[PDB]
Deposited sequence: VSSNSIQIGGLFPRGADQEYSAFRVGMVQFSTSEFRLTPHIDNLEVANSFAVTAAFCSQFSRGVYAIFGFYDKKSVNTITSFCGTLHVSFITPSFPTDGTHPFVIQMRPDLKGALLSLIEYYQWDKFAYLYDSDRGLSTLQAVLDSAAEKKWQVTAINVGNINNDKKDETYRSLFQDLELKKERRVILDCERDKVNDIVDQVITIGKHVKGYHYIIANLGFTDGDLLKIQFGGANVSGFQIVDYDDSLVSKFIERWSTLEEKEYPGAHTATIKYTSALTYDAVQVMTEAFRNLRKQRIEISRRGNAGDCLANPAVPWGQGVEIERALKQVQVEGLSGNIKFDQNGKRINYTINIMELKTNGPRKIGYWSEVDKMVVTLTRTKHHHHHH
């Protein structure tokens, strides 16, 4: 049988969509075929997100892979929770209890706080925007209170501070660093921490940091044989057929998208073994129906997704009962004179930066 699934992609997310399509070929199985219904939209627009979500719902999809942002996250969590439709996402994780939301992206706050402590900072700037929520801001301020740190926290969305965390969209990093350089004051005297999971993604390291210290994080480890094999294939794909591919690296969001296909596939295999109906007809049903009478299979589908344990591009994939990644590792990177290098790792279980 075929299993209907939805896809809600941001406009311009081409590599992500390519990774999605690569995933569907790679994890295809004789047991069933995934029939995706793909939409492209501005995910910052909660109305458009609602329309796309309801369109999928009326098609009777068994789960939706997609993206949200700060402006639409509440629409997703609320609609998923109401209608019992599972949403599997590489977007920023939330701390709220959110049933029916499967968050592929590991939380970064714990590793970031451990890294600050590892470098023994007690005074620094936290330059951020809200595009990935404000849980990291709160975590930094909470720890500053408890640890007696002096933090300057400025929303970027004549001072002798030299330690700087950048938790902002990739564009703003260049603008910020550029100012530092050209002020000449101790340019090599700075230490930047880049608070994202893609230290070696895109053009970040194309920035001229002028000999400053630069640290960051990475969830995709190119020393993994699993990752090495994937990149071998990925880098040889036809870019006209797979826009964003044919590259030597893959953005962490694209990696999580490919990983998401494996997780969904494993969940459906498990449901199939339990003889739970995952292909059904029929009728569209009404999204803003009253009462909201949610789907019975939804609870089992949600359960199956959260019970998945697999190894993927993003390492060990396992979730807690609230759809949050657990038991993962975040690689700690530094820009050494020869290039970016792993200096250690942070494990969700231990919650300590481990050197080497």
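Numbered from the first deposited residue, the unresolved ranges run 1-3, 161-179, 379-388.
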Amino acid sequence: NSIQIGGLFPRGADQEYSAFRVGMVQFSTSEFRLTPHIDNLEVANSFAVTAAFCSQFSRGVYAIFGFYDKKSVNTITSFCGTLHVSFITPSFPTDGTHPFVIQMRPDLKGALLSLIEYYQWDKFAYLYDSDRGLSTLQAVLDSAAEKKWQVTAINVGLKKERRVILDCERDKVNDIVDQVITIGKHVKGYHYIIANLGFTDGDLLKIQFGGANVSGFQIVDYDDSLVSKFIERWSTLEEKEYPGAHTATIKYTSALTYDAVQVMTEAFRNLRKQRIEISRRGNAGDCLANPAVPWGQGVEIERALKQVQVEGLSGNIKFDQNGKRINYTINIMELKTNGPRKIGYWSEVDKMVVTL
From here on, numbers count along this sequence of modelled residues.
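Two stretches are in play, 302-310 and 29-37, and the higher mean C-alpha B-factor belongs to 29-37. Taking the PDB entry as given, 283-291 carries the higher mean Cα B factor of the two stretches 321-329 and 283-291. Listed residues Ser91, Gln218, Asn174, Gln138 were ranked by CA B-factor as deposited; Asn174 comes out on top. Per the deposited coordinates, the residue with the largest Cα temperature factor out of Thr182, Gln262, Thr77, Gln103 is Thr182. Ranked against the other modelled residues of its chain, the C-alpha B-factor of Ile278 as given in the entry falls in the highest third. In the PDB entry, a CA B factor belonging to the highest third of its chain's modelled residues is recorded for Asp203. In the PDB entry, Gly296 places in the highest third of its chain by CA B-factor. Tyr62 sits in the highest third of its chain by CA B factor, as recorded in the PDB entry. Among all modelled residues in this chain, the alpha-carbon of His84 has a temperature factor (C-alpha) in the lowest third.
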